[PDB]
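Structure first, commentary second.
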Amino acid sequence: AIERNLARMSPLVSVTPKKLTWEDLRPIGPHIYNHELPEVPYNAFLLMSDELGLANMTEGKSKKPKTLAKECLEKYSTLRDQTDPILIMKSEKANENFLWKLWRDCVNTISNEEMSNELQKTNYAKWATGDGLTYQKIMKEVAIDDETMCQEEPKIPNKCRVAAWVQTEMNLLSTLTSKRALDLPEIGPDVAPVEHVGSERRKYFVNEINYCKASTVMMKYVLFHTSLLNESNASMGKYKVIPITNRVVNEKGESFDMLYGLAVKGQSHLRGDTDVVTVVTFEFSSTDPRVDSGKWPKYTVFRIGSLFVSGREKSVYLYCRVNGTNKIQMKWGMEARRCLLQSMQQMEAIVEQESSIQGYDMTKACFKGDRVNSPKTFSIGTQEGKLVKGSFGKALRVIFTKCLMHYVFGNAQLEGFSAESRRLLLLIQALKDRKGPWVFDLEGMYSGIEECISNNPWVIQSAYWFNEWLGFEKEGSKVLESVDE
Amino acid sequence: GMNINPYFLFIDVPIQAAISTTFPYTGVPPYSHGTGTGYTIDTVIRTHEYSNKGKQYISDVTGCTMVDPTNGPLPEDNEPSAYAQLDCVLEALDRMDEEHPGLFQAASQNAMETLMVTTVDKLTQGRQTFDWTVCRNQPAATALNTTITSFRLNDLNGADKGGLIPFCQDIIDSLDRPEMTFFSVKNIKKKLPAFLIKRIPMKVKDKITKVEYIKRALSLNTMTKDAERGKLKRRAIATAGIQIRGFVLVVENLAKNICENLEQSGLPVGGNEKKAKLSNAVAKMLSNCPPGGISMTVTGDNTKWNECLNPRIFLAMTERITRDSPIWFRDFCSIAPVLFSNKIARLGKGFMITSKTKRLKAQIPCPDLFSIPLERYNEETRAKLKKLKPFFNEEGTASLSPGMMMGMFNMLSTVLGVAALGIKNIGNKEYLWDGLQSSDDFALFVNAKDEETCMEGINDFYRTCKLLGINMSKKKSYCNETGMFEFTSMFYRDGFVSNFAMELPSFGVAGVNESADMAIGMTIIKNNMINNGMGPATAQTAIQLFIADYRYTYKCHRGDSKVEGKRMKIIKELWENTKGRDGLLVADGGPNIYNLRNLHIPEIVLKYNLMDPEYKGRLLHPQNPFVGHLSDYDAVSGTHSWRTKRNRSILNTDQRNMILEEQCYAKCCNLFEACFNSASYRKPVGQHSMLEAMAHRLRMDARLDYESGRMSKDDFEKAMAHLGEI
Amino acid sequence: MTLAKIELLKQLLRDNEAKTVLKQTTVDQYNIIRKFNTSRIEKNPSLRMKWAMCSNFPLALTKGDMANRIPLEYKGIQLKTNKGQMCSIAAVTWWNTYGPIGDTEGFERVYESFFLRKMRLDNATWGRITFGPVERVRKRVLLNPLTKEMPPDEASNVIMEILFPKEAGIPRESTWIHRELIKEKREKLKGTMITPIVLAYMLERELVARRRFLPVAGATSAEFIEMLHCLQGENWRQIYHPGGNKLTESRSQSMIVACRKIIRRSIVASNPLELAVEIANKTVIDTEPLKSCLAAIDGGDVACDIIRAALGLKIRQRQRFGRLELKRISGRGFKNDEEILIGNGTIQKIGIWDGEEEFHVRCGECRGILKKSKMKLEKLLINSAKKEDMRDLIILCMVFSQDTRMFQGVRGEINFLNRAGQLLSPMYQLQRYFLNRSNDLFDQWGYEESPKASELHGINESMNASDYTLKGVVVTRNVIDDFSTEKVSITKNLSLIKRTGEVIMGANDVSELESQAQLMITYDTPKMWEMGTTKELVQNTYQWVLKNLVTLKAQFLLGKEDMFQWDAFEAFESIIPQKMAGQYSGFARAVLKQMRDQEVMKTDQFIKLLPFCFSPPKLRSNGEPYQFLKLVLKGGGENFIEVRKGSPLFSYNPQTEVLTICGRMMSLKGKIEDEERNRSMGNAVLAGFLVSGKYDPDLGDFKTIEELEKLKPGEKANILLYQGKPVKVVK
RNA sequence: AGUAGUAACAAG
RNA sequence: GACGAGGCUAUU
RNA sequence: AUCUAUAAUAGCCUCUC
Ligand SMILES: *O[C@H]1[C@@H](O)[C@H](n2cnc3c(N)ncnc32)O[C@@H]1COP(=O)(O)OP(=O)(O)OP(=O)(O)OC[C@H]1O[C@@H](n2c[n+](C)c3c(=O)[nH]c(N)nc32)[C@H](O)[C@@H]1O
Ligand SMILES: [Mg+2]
Ligand SMILES: [Mg+2]
């Protein structure tokens, strides 16, 4: 029966096999290169590379977030007492007067002798938090009778092009700093030799990750989300000022409490997991928003003062933004430390491979080299169209930053892009291994990839990076086409 | 300057070796919002589009519009097709039977034995189940109890016999009753000023007609799925009722028995067992490659797997498999495909229409979708409703004869895929194909003399699958030389590589309680070390991160820390009062002493010798009030085995009557357990009433106490009087 | 409290809803109404817990005096609600700080298994940690040790007997073996106040086994599975010595595995006896020398006896077939693979033992002498013992004999593969199948007149002596005192010969089945890796070649044949099947010689082929080497080396100059000449063949190995090196 | 507004 | 408002 | 030689555009 049915089945019913070549792999998402679209704006819940933390020496006594914020503001009294705003940039639909009033109310509430962080429900606070904005629910009969009630046209995420600030953020977040933010608790003493090996390797890995800017940003996110969830549960019907705080340790062992800004939590009656609580964030920064204005459509920036870091003083701006979050996002922010694991497990695996090839632990050799082996190096990036190499620790920091960005910019667009581009990556690997891959509908796969590149900054930058790496891989393969031929 | 490109890692590491970095599972999983009606209507429309060239008629039992693509015209293009040919399916099944003698007979006999020794309580083992009495979703046990009670109202007492077979006979008979009486839920609305509307549910008798009951029995309740990774767009899932679930079990058991003995099936094996089987199969295919030839592996997914598979083909499959079985079992196995061929899809909550200027919103339910002009719907919804109209039922449902929206035939769908894999050749051509199947995912190994012959074999396999109603996705499938492939998200590159990312979400605090969560976290770390290639340094870091997450979740920071909190004050007081502080649990502010070598030891046991006697006695108090007690029996678990009172207090709903029935059941069950201490450990058996069993047990206990001196004359007389009065 | 229960039932029966629920709900339907719940269970408990811990009173208190002991407030912290009383986590902390002190007898008893686990960890020694390839196999293994193990149904029946004897139901005969145990347990729990269900799961924890599929490498005993996460990864091994005591069966199995590995390594060496002795003297089974373990245990296999003879010990010719011990008396058997048709109709591949053999058979108490022949059970002389033990011994002897009647007596379902497709020993499966269904075996075997001799009488299928008895079995009154010896001298080739010179055992009788030892085996020698699996050996050999690449290449260019002799290559030779070792050696030597002499040298191919040049060459009758497309190695279908293309064990990327060996990447940068990228691979794939030019269409399709082998010298041929790259070669 | 994204929340 | 199947885990 | 045998609840992972 199968033979008879296949005999009469049309030839048009075909899998249409096509041998894959490097020339068939085109760049993914060409629209990210056309300047008609606006460059993708900054939409992360908090500033990451533009963050500025007011530092106050502590005595290892985590008194209270309110007391910490008050003492930090007391140290920087000029910023605390700045009352007259000089507007620098304004969000399209924001009321800069209301935002400045809310900021001043936050500062006054933090600085008052009272022990509470509650804010009154004033006109500007109500506007900022979005009070009374939910639609009234009416009966089905009246709505059906009412001809003006129509189904809303869904809002689609818009299309954006590559923005250089994502590359800048990647470059800056993966660099080493002088501050440690990780607060890893102790474990039991090592007894088995495998435990001692693990501790010796953790030394290098943590020392590499703990000092990078991405670790400090991740800790800020984790602590803020923890505080926000606690406040949302504890204070459902109150406006609360939640300081954005961190604790860092210098290379000399001295600790600092860092205040990056203040947040205002709106009413939190989150019955559902996707229910939204509005958070109004006021974050200190030194970046002038006008240098690349396309990055800050969502921010209302005032200039509030200046600070001294060296012989040249640096301006201090206040980035003010209305934002929102839900319980799922708060829960997943409290557990962002897992980024570490995903970066560590990968890199450790590589080290283990080398160990199996050498017959001894290769952590020190991989990180810094030894008598018999030169330090292991990875292609890390580009500089003026030429491939640049970096150390093992740099690659570890890059992978950690990538995982942190997966958390920060993660949504359905990133998920779909990751899956489809993973299929494409497997095809490229097949090409590199000289496995002679074949395809059936390559344009369909490319369309599946490109359906997910709309406005996620990480997805757009990932498409750009994928195209760059694919070009480099084509250049490399050009030499593999003339072996025994 | 120098710009970081993370993809450059792949220049040094092969994609498979660094595959974990392509899974962004530290980010928030996508969640669905609002109604799933749009997705359900899209599913209905697409299911009917893939079968529109089939036989369209009207059901004489329900009056629904029915589409039958089976034995329909062969496809003329590469679009998804549901026009499976019965002859080709039977030929594939006969080839499978020839290659595995006695497999169908053994599987059918084992399934029949299991069914004969299966009780009605097997149906309580499900999650949210569609309840026809309330036309809602209720826990599987609740829906089963409601169905049993309603059947009792309609002279249907098969469930008393205890077996699944008499209850399924009762379901079949219920389908024939001219009318149905049952208990349903009715809400009373009260006006509580704030004004708000307060809902008070209660049970009330109700009656429906034969056709309405049949449509409810065949109905599927549709909802939206959340927390799904790797998908840009959301989808709708479906759940069936008790009538369907009764019969799905036997078909699933039969298909599982068949699949377990197929070397080409990836089900029901999973985890390390699946890895071992797959590795063995790949090695076998590698060694079986003809010399001097080419072996090529196709990583493939099937597109529209559930949409295009037809329950009629499944009925044919079941009839073929149970060829040598008694007639009763063949009918029993045929029931489920029949019910699925006549299934009806409930379309969900509906849609929402709003006035932006007036700031108003309203929910139009499914029965009233066409009550408003289609111009008041948005573009996509209007088009979908226009396409849905022919299959729409006036009560708010849709006829869904084609397709497999439920997705309850994973094993049988795998059997069909393996039957496709078992052809291995068309027309004596110079190629041979084999492979592995897991539902819609497959890996196809084709051995031939050159690449072109392998491509011809792949095309032949594609067309053969088309003949069986299976559509290989040309967009998400690819092929290469054997040695590297992907199957069910497992990546083989000269062996299966570890994928650590998929395990990341499990490294958090479980959310049972402090002690259980500590145990779960340590066990997760240990098993990830064993299975997912997690090195010792990463394992220790995972211990540290879990400890940090645990301390912040349970507000049990180190007793020598300066963190603030209601619990932390007492934690610091305990830290001051304690001498052997190394024996304190982490939940009590104690230090963490876990390392790699002791991940498998519970925390209390690990610190047992270090505890101070007073702290140990307080912690392990037999009568601590934080753990439930049986009623006063002693509880050996500590004070950290507490339970959270999960009160699902839906806002503005006052369950003054549902809670009453729940409490009545609880009191009866508690008394029964007090009479029968083994009931919790072993399921009690018996077709007699609980009252009679309890009465006889108490009579025996009283008499034996009297004879043993445990009870005196007066108490014995009282007990006998009460028993006789009862 | 019977009267209290009766009064409670009477009070409950007043409620009409409760009365109707009790009257209409069957005992079976209780299991339904126990799970009745009007509300769905909340999902995502992690988020629910993170949210609830921020609440004020998320914990439920059990009403009673102990809940009342908790103060309403403590230093400005409200611990309990002032319906269902709720408390804060601070209430739990307060109880742990100032609560009443209780007796901890219950916890110590309920979790005794975990305390044994902790003690096993504490009384353990840790060895060194080694870095290197570790090939792991996924096997179904036991997770936790159990003193007594039974299947879940038996354990459940025993637990019901111990804890709920009244409502236990039918006294299943399967519980008989455990009756004594039950009494013992009822002794310990007579006056315990612990809730019975907790005790039941304690007993399950003590009795019911948990078996899971896990990746293991050389240590499958539960004591080692407990520490598996620390034992090894994919690239490192951690020596571990668990505390407690280990069974004799585990020691015997581990020593059998060790001896088989030693023989397999030694046979390919020059003077195998000396190497075998050297390795054996340094072999430790967990924490005891191999020689001592061989001296103590009374058992083993051919390899164990050979190692005993090599060490100067006395050979014990004992064999184990599950339930019975068989001591050789006379005769030598040979195992051959053959497809046997089972009674069910399915042909199964089984190892059949030929020849005539005599065995002292012991099972429980029953003893006997078994005379077996190829595929036939000649005779079995038995002594009177327990009828049950007598019939188990008889059926065990019949199945052990591989008789045709036994195979044809199968009527039902027999699984020779587990759900993962792994091969289960056919003979043990047959033994298990026929143990519980001996009726069909006896019916198929046949019967004949019982012997009428003075001391000989038959036995029937009715487990009693009678005038009818099954063929072959004969009872005797000649009491035998079991087994309580021979003297042999081990020769150079590990063959055991008597004083007469006849060979009684040899290295060719050792089973080739690779198995996972139950106890960790260590070799206290720097060349321990030579006793590893095929993949580990391949990776280590190629790593050694890479480490000495420069000196090896220099010796090759200057020297001619001394480079082919190395101990690393000797270890590599042990994983090559001996049939092809000489042919592979000839092929590889010819290829390397042609690469050198013709000056077209390719480093990747040289490295790939060098290990295969160790065995003495074995050319064809016409004086030319055999030609190969791939060199197959022991174990698995993925263990082979492709001459032309890459292989799962060996692949080379010329673009990046990266060698992938068993999944590990190494760099040839520096140890390579870039000009080798322009060099043609067609000169290093066939012995005696050199690339003559471009692929000529005139010659036709690409020739095969046998077609190449028959070509005359100076003749061209089209060759496909690999996909998309043809070439033509000449001899 | 904002969150967000094919449909919701922005309290009931 | 959150289904089916497979594997693994914890608990009674 | 683990093939057998295996109560219930819950969690995590895998498996339409
Ligand atoms: O688990 C494996 C092995 O380690 C274990 N085993 C074998 N011998 C022992 C002893 N003596 N103590 C503890 N454990 C032991 O059983 C498995 C054996 O696997 P394998 O080596 O592959 O088995 P083998 O190849 O030897 O043949 P097999 O039929 O499985 O029998 C193994 C065992 O039985 C002996 N045997 C059976 N028969 C019918 C034999 C025969 O006819 N002639 C001879 N000479 N021996 C026979 C085998 O020789 C072994 O003793
Ligand atoms: Mg697939
Ligand atoms: Mg799929």
Side-chain angles (χ1 to χ4, degrees), chain B residues 43 47 50-51 68-70 80 82 84 86 89-90 92-93 96 104 107-108 111 114-115 122-123 125-127 129-130 168 218 220 222 235-262 264-270 301-322 329-330 332-345 400-421 437-442 465 468-471 488:
Chain B
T43 308
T47 307
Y50 306 137
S51 299
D68 177 7
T70 301
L86 180 59
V89 174
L90 292 169
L93 292 177
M96 173 178 288
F104 290 170
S108 325
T114 299
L115 175 62
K122 177 62 137 213
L123 302 174
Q125 238 154 315
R127 305 266 145 171
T129 292
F130 178 69
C168 281
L218 299 165
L220 294 162
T222 59
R235 53 199 45 66
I237 44 167
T239 190
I242 295 297
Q243 293 90 344
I244 294 175
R245 285 164 176 266
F247 294 95
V248 167
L249 298 176
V250 82
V251 180
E252 265 314 81
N253 213 261
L254 176 76
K256 188 172 184 173
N257 291 330
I258 292 169
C259 274
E260 284 178 318
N261 303 119
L262 292 171
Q264 332 205 211
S265 94
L267 283 172
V269 291
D301 269 321
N302 299 123
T303 186
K304 282 69 179 182
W305 182 255
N306 278 321
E307 283 84 341
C308 288
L309 287 175
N310 205 262
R312 292 169 214 262
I313 290 304
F314 280 135
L315 173 61
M317 269 186 108
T318 270
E319 263 314 73
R320 178 49 185 96
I321 287 160
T322 65
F329 183 63
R330 304 189 77 200
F332 200 103
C333 291
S334 72
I335 295 312
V338 167
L339 296 178
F340 279 144
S341 295
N342 300 270
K343 63 188 171 295
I344 291 149
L400 193 56
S401 162
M404 290 300 312
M405 194 186 60
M406 319 74 57
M408 293 172 108
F409 280 177
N410 294 280
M411 296 295 175
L412 206 57
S413 84
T414 306
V415 169
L416 187 62
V418 168
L421 286 166
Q437 188 83 25
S438 276
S439 295
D440 93 306
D441 190 336
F442 68 94
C465 288
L468 304 168
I470 300 168
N471 298 266
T488 58

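All heavy atoms count here, side chains included; hydrogens, waters and symmetry mates do not. To find a chain, count down the sequence lines: A is the first, B the second, and so on, and within it residues start at 1.
The nearest pair of heavy atoms linking B:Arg245 to B:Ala240 is NE-O, 3.1 Å. Across every non-hydrogen atom of B:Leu400 and B:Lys343, the tightest pair is O-NZ, 2.9 Å. For B:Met317 against B:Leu412, the heavy-atom pair with the smallest separation is CE-O, 3.8 Å. The two atoms that bring B:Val338 and B:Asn342 nearest to each other are O-ND2, 2.8 Å, heavy atoms only. Among all heavy-atom pairs drawn from B:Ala336 and B:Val251, the shortest one is CB-CG2, 3.9 Å. Contact record, B:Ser439 with B:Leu267: OG-CD1, 4.1 Å, taken as the closest heavy-atom pair.
The closest side-chain heavy-atom distance from B:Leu86 to B:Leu90 is below 4.5 Å. Counting heavy atoms from C-beta outward, B:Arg320 and B:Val89 have side chains that stay 4.5 Å or more apart. A 4.5 Å side-chain heavy-atom check between B:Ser108 and B:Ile321 finds at least one atom pair inside the cut-off. For the pair B:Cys168 and B:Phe332, the minimum side-chain heavy-atom distance is below 4.5 Å. At least one side-chain heavy atom of B:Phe340 sits under 4.5 Å from a side-chain heavy atom of B:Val248. Using a 4.5 Å heavy-atom threshold, the side chains of B:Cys333 and B:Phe329 count as touching. Contact annotation: the side chain of B:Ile258 approaches that of B:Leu262 to within less than 4.5 Å [non-hydrogen atoms, C-beta and beyond].
For B:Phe130, the ring pair (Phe, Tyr, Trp, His ring centres under 6.0 Å) test picks out no residue, with sequence neighbours left out. Partners of B:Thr114 according to the side chain to side chain contact (heavy atoms under 4.5 Å, CB included) rule, which considers only residues two or more places apart in sequence or in another chain, are B:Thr118, B:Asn253. Remark: B:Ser401 pairs with B:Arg312 by the side chain to side chain donor-acceptor pair (under 3.5 Å) rule, at least two apart or across chains. Judged as a side chain to side chain contact (heavy atoms under 4.5 Å, CB included), and not counting sequence neighbours, the contacts of B:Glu319 are B:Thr322, B:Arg330. Taking B:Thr318 as the reference, nothing meets the side chain to side chain donor-acceptor pair (under 3.5 Å) condition, with sequence neighbours excluded.
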Problem - Candidate pair B:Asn471 and B:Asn302, rule side chain to side chain contact (heavy atoms under 4.5 Å, CB included), full reasoning - result: CA-CA 5 Å; B:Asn471 298 266; B:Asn302 299 123; 5.9 Å; no
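Of the possible polar contacts, none joining the B:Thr222 side chain to the B:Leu220 backbone as a donor-acceptor pair under 3.5 Å is found. B:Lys256 places no side-chain N or O within 3.5 Å of a backbone atom of B:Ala107 that could act as its donor or acceptor partner. Between the side chain of B:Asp441 and the backbone N or O of B:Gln437 there is no donor-acceptor pair closer than 3.5 Å. Listed for the B:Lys304 side chain is no donor-acceptor partner under 3.5 Å among the backbone atoms of B:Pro80.
Rounding to the nearest 0.5 angstrom, the gap separating the CG atom in B:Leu93 from the CG atom in B:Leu416 is 7.0 Å. To the nearest 0.5 angstrom, B:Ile470 atom CD1 is 6.5 Å from B:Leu309 atom CG. Considering CG of B:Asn306 and CZ of B:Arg235, their distance stands at 11.5 Å, rounded to 0.5 Å. Atom CG of B:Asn310 is separated from atom CG of B:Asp68 by 6.5 Å, given to the nearest 0.5 angstrom. We find the CG-CD distance between B:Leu249 and B:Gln125 to be 9.0 Å, quoted to the nearest 0.5 Å. A distance of 9.0 Å separates CZ of B:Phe247 from OG of B:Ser334, quoted to the nearest 0.5 Å.
Residue pairs satisfying the side chain to side chain donor-acceptor pair (under 3.5 Å) criterion with at least one member in residues 407-421 of chain B, sequence neighbours excluded, are listed as follows: B:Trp305-B:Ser413.
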